[PDB]
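Engineer: According to the authors' numbering, the stretch in the sequence shown is residues 19 to 346, 360 to 435, 441 to 574, in order. Note that the Cβ used here is the ideal one computed from N, Cα and C, for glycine as well. I have a structure I would like to understand better, so I am pasting it below and will then ask my questions one at a time.
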Amino acid sequence: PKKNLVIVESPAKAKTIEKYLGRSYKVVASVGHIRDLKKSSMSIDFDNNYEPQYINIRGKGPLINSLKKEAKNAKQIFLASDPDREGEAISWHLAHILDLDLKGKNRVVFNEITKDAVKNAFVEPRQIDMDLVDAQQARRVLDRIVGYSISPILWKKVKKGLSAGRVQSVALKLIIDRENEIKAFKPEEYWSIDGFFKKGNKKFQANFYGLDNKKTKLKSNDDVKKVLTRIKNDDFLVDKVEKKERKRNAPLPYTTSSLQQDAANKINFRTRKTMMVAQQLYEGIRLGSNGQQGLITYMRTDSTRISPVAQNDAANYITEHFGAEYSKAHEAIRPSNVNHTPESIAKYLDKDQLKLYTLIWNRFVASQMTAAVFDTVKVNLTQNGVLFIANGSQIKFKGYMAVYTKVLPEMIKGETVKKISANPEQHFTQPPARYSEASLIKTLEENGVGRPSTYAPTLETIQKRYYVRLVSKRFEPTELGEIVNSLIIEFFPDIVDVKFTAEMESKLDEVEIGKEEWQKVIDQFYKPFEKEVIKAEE
Ligand SMILES: [Mg+2]
Ligand SMILES: [Mg+2]
Ligand SMILES: [Mg+2]
Ligand SMILES: [Mg+2]
Ligand SMILES: [Mg+2]
Ligand SMILES: [Mg+2]
């Protein structure tokens, strides 16, 4: 009786998958990477087109030996690593250590850890995708060449122990450019006027807009006076009434970027914690006697697609719980089972897992719902050329907002309302906001620089390196970060450059699809970079 071997990256994953598979399957964790570049040397074969020189990781020897013994005992080997570039290179390193044939169909991929998703994966296993593997290799070779080339230069000109990276340097320069804008900003005093009116004895508020049919900027207390003195009596003509219905569509389901943004904005999660907790949700949590189950789809994704089956089950949850009026190869981040309401499984989750799951559940359900609808009214109240604007809003259909506004007294053109009081208020303009974790992520996504694997580590290493601090939830450059940024701008300008770095990520994308040869991406980077390293070592 010889079993099937299934290798996974973590024990929590193996425990979860173990129940799903049954007798003729043995499930073991490799506990992270087992092969890596050498730590004590560059570990790139520059005579053989940048081929990485890998070793078995220092310390993992005994683990590796036991994997080899289990593989000998096994009937067939299945590599069940996560479905991304990194998971494919893990599977390739295991193939290498276990002497498996790369033409064999030993790779099984799934994007949630549920009994149904797991078993469908073994129905059609595939061979290892060497394009995905080469895309991981390229990133690893790039980051190694950059890190081990620049770091000694920082040690020479700044301080021992320093390091830099590609996307980390882009982010740091973006933060320093924003700080330069802040320093150069010139605040200005300006004033507003709140008005309080009545139609009948129904009170409401309208804000000063301007004089003589233009918007008016009030720069001082004297400008407020000039408005005030134009106001003779309390009578205001309803010069116009505007009405509309406003449709607020539903957000898309979470990607890695939008999950990280929402978690940081809404529940004060640092991005590292968001990914840590998502991983717990994903790899499997004990739901009591029903044992461990994966509660969300895989959390590293840039897809917003929902699968047909997942779509149908949510429509049914929505139709049944709100009304059918609220409905309509990778995937977004969603509950694996929508019927696992946050309320139901609350008792099985710690507080942090409860928050992130609640966030992911709400967002995915909302995203499967219909638009909210509002009833707008804009009302112009004019006297003697002075214009106040009243605004009113109420919801005509909650729509997706089901999972989570004042109205105006009635008016038509020509009626009259009475002015009770006006409240001038002093303000000062503010500079552009600092990057929060949210807006940094959003910026890195929109400008083409970030990817699901690189969002959280970039914001981690920039803080581990002490190049920025994070106060009142926004990044500020440190003095050391300014020093390092200036050196790299001086000697390696392209690695702070947004466009060159988004270009590189797109070339990595092409490697993944087999459109470009990974060694060529490295060579087009390395040939110019090499010259800059020589000149910086002068
Ligand atoms: Mg070894
Ligand atoms: Mg990668
Ligand atoms: Mg990178
Ligand atoms: Mg590396
Ligand atoms: Mg800044
Ligand atoms: Mg991550």
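Are the segment 287-306 and the segment 453-469 in contact at 8 Å, needing three or more beta carbon pairs?
Structural biologist: With a cut-off of 8 Å, the segment 453-469 and the segment 287-306 do not count as touching, because too few Cβ pairs lie within range.
Engineer: Nearest by alpha-carbon distance to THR273: which of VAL259, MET317, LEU380, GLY416 is it?
Structural biologist: As a working note, residue 273 is residue 255 in the sequence shown. It is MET317 whose Cα lies nearest to the Cα of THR273.
Engineer: To test your reading of the DSSP string, which unbroken alpha helix (DSSP H) runs of 4 or more residues are found completely within the segment 285-337?
Structural biologist: The qualifying runs are 289-301.
Engineer: Exposed or buried, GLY416, counting other C-beta atoms within 10 Å across all chains shown (16 or more means buried)?
Structural biologist: Residue mapping note: residue 416 aligns to position 385 of the sequence shown, counting from 1. Looking at its Cβ environment, which holds fewer than 16 other Cβ atoms inside 10 Å, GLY416 is exposed.
Engineer: Thinking just about the alpha-carbon of each residue, which of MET60, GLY213, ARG266 is nearest to the one in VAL453?
Structural biologist: Position 417 of the sequence shown, counted from the first residue, corresponds to residue 453. Among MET60, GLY213, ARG266, the Cα nearest to that of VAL453 is on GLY213.
Engineer: Hey, quick one: how far does the beta strand (DSSP E) through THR372 stretch, first residue to last?
Structural biologist: Sequence index remark: in the sequence shown, residue 372 carries index 341 (1-based). Unbroken run through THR372: none, as it is neither H nor E.
Engineer: Considering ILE73, what are the terminal residues of the beta strand (DSSP E) in which it resides?
Structural biologist: In the sequence shown, counting from the first residue as 1, residue 73 sits at position 55. Looking at the DSSP string, the run of the beta strand (DSSP E) that includes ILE73 is 72-74.
Engineer: Starting from the Cα of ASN124, find the closest Cα among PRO143, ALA281, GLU130, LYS137 and give me that residue.
Structural biologist: Position 106 of the sequence shown, counting from 1, holds the residue named residue 124. Nearest C-alpha to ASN124: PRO143.
Engineer: Output the residue ranges of the alpha helix (DSSP H) runs that lie fully inside the segment 156-215 and measure 4 residues or longer, sorted by chain position.
Structural biologist: Counting whole runs of 4 or more residues, the segment 156-215 contains the alpha helix (DSSP H) stretches 184-202.
Engineer: Going by C-alpha distance, which of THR337, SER489, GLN466 is nearest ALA433?
Structural biologist: Numbered from its first residue, the sequence shown carries residue 433 at position 402. Residue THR337 is the option with its Cα nearest to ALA433.
Engineer: With a threshold of 7 Å (Cβ to nearest heavy atom), would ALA492 be considered close to ligand 6?
Structural biologist: Taking the sequence shown and counting its residues from 1, one reaches residue 492 at position 456. Yes, ligand 6 has a heavy atom inside 7 Å of this Cβ.
Engineer: Kindly indicate which three-state DSSP category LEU387 falls into: helix, strand or coil?
Structural biologist: Reading the sequence shown from its first residue, position 356 is the one you call residue 387. In this structure, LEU387 counts as helix in the three-state DSSP scheme.
Engineer: Between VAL164 and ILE62, is the Cβ-Cβ spacing less than 8 Å?
Structural biologist: Indexing the sequence shown from 1 puts residue 164 at position 146. Indexing the sequence shown from 1 puts residue 62 at position 44. Cβ atoms of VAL164 and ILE62: not closer than 8 Å.
Engineer: In the structure shown, what three-state DSSP assignment does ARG144 receive?
Structural biologist: Along the sequence shown, one-based indexing puts residue 144 at 126. Three-state DSSP puts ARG144 in a strand.
Engineer: I need the boundaries of the beta strand (DSSP E) containing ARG125, first residue and last residue.
Structural biologist: Here residue 125 is taken as the residue at index 107 of the sequence shown, counted from 1. Careful: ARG125 lies outside any beta strand (DSSP E) and carries neither H nor E.
Engineer: By Cβ distance below 6 Å, which residues in the same chain neighbour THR401 in space, the five residues on each side in sequence not counted?
Structural biologist: In the sequence shown, counting from the first residue as 1, residue 401 sits at position 370. Contacts found: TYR344, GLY430.
Engineer: Can you name, in chain order, every residue of its own chain whose Cβ lies under 6 Å from the Cβ of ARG501, other than the five neighbours on each side?
Structural biologist: Taking the sequence shown and counting its residues from 1, one reaches residue 501 at position 465. Around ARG501: no qualifying Cβ.
Engineer: Pick out every residue whose C-beta is nearer than 5 Å to a heavy atom of ligand 1: which are they, in chain order?
Structural biologist: Spelled out in chain order, the answer is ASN74, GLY79, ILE82.
Engineer: Where DSSP assigns a beta bridge to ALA421, which residues make up the other side?
Structural biologist: Position 390 of the sequence shown, counting from 1, holds the residue named residue 421. Note: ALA421 sits in a beta bridge opposite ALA224, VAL410.
Engineer: Excluding the five sequence neighbours on either side, which residues of its own chain have a C-beta within less than 7 Å of the C-beta of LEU305, listed in chain order?
Structural biologist: If you number the sequence shown from 1, residue 305 lands on position 287. If we look at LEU305 and ignore the five residues flanking it on each side, its Cβ neighbours are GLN311, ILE376, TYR379.
Engineer: Give me the pocket residues for ligand 4, defined as CB within less than 5 Å of any heavy atom, sorted by chain position.
Structural biologist: Listed by chain position, these are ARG158, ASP161, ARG162.
Engineer: By the three-class DSSP mapping on this structure, what secondary structure does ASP241 have?
Structural biologist: Reading the sequence shown from its first residue, position 223 is the one you call residue 241. Three-state result, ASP241: helix.
Engineer: Spatial neighbours of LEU385 within its chain, please: CB distance less than 8 Å, with the 5 preceding and 5 following residues excluded, ordered by chain position.
Structural biologist: In the sequence shown, counting from the first residue as 1, residue 385 sits at position 354. Within the same chain, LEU385 has close Cβ partners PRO373, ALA377.
Engineer: Relative to ligand 5, what is the chain-ordered list of residues with a Cβ closer than 5 Å to any of its non-hydrogen atoms?
Structural biologist: The filter returns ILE193, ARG196, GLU197, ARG470, in chain order.
Engineer: State the CB to CB distance for the pair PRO101 and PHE128, rounded to an integer number of angstroms; the pair is presumed to be in contact (CB under 8 Å).
Structural biologist: Here residue 101 is taken as the residue at index 83 of the sequence shown, counted from 1. Here residue 128 is taken as the residue at index 110 of the sequence shown, counted from 1. With 8 Å as the limit, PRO101 and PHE128 qualify as a contact, their Cβ atoms being about 7 Å apart.
Engineer: Could you check whether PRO445 and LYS220 sit closer than 8 Å to each other, using their CB atoms as the reference points?
Structural biologist: Residue 220 sits at position 202 when you count from the first residue of the sequence shown. Residue 445 sits at position 409 when you count from the first residue of the sequence shown. Yes, Cβ-Cβ distance for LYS220 and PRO445 is below 8 Å.
Engineer: Thinking C-alpha only, which one of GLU301, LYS37, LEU544 is nearest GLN555?
Structural biologist: As a first step, residue 555 is located in the sequence shown; it is residue number 519 there, counting from the start. Considering only alpha carbons, the answer is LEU544.
Engineer: So what's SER472 in DSSP terms, helix, strand or just coil?
Structural biologist: Counting from one through the sequence shown, the residue named residue 472 turns up at place 436. Strand.
Engineer: Taking Cβ to Cβ, would you say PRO271 is nearer than 8 Å to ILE314?
Structural biologist: Looking up residue 271 in the sequence shown gives position 253. Looking up residue 314 in the sequence shown gives position 296. Cβ atoms of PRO271 and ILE314: not closer than 8 Å.
Engineer: Ignoring anything shorter than 4 residues, give me the alpha helix (DSSP H) runs that lie fully in the segment 229-279, in order along the chain.
Structural biologist: 239-248, all fully within the segment 229-279.
Engineer: Counting C-beta neighbours from all protein chains within 10 Å, is the total for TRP110 16 or more, i.e. buried, or is it exposed?
Structural biologist: The residue given as residue 110 occupies position 92 in the sequence shown. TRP110 should be labelled buried.
Engineer: Considering only residues of the same chain and omitting the five flanking positions on each side of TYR227, which have a CB-CB separation below 7 Å?
Structural biologist: On the sequence shown, residue 227 is found 209 positions in, with the first residue counted as 1. Once the five neighbours on either side are set aside, the close Cβ partners of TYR227 are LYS233, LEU418, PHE419, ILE420.
Engineer: Along the chain, where does the alpha helix (DSSP H) that runs through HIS114 open and close?
Structural biologist: By 1-based counting over the sequence shown, the position of residue 114 is 96. Its alpha helix (DSSP H) spans residues 103-115.
Engineer: Pull up the CB-CB distance for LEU172 and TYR503, whole angstroms please, since I reckon it's below 8 Å.
Structural biologist: On the sequence shown, residue 172 is found 154 positions in, with the first residue counted as 1. On the sequence shown, residue 503 is found 467 positions in, with the first residue counted as 1. 11 Å between Cβ atoms; not a contact.
Engineer: I'd like to know whether the C-beta atoms of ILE25 and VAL46 end up nearer to each other than 8 Å.
Structural biologist: Position 7 of the sequence shown holds residue 25. Position 28 of the sequence shown holds residue 46. Contact: yes.
Engineer: Roughly how far, in whole angstroms, is the beta-carbon of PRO70 from the beta-carbon of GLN154, given that I think they are within contact range, below 8 Å?
Structural biologist: By 1-based counting over the sequence shown, the position of residue 70 is 52. By 1-based counting over the sequence shown, the position of residue 154 is 136. With a Cβ gap of about 10 Å, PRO70 and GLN154 do not count as contacting.
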